[PDB]
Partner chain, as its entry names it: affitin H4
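Form solved without the partner chain, single chain, as structure tokens, below.
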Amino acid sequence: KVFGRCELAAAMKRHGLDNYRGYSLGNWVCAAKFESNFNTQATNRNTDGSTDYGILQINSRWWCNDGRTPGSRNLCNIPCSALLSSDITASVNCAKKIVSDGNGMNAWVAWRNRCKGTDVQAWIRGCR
């Protein structure tokens, strides 16, 4: 599924992401835009053999099982394929554990380089 901006904000807000660990809703929509272009089905292969999955490009090295990332962890206890669903529940619960782990939203390279220090509220501007 490719989400609209307002549609994704209302779904992330309903799953409790708004101000989660002090990160306003604008930071999360911004991250999703530059990680996946709002597409749940996005995948990107990393040079170490791990793969990034879904709207927030979560990372088979540590967070989920794709059966092809040797000696990796599954700390969200999910198949990576669950992170590609039109339902973002798995992606959101998994992101709650990542952003809680010590480095906050710096875990998302595109958030750090394209959202951090900007007018992030612009990303939910006009939404009900």
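Think of the rigid core as the biggest set of C-alphas that the two forms share within 1.5 Å after superposition. Numbering follows the first chain given and starts at 1.
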Give, as the answer, the stretch of 42-50 and 69-77 that departs more from the shown form in 4 other deposited structures of this protein; the measure is RMS Cα distance after a core fit. 69-77
When mean C-alpha B-factors in the record are compared for 94-102 and 28-36, the larger belongs to 94-102
For 67-75 versus 48-56, entry-based mean Cα B-factors point to 67-75
Relative C-alpha B-factor of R112, binned into the chain's lowest, middle or highest third: middle
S85: C-alpha B-factor third of its chain, per the entry, is the highest
Place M12 in the lowest, middle or highest third of its chain's C-alpha B-factors, as listed in the PDB entry. middle
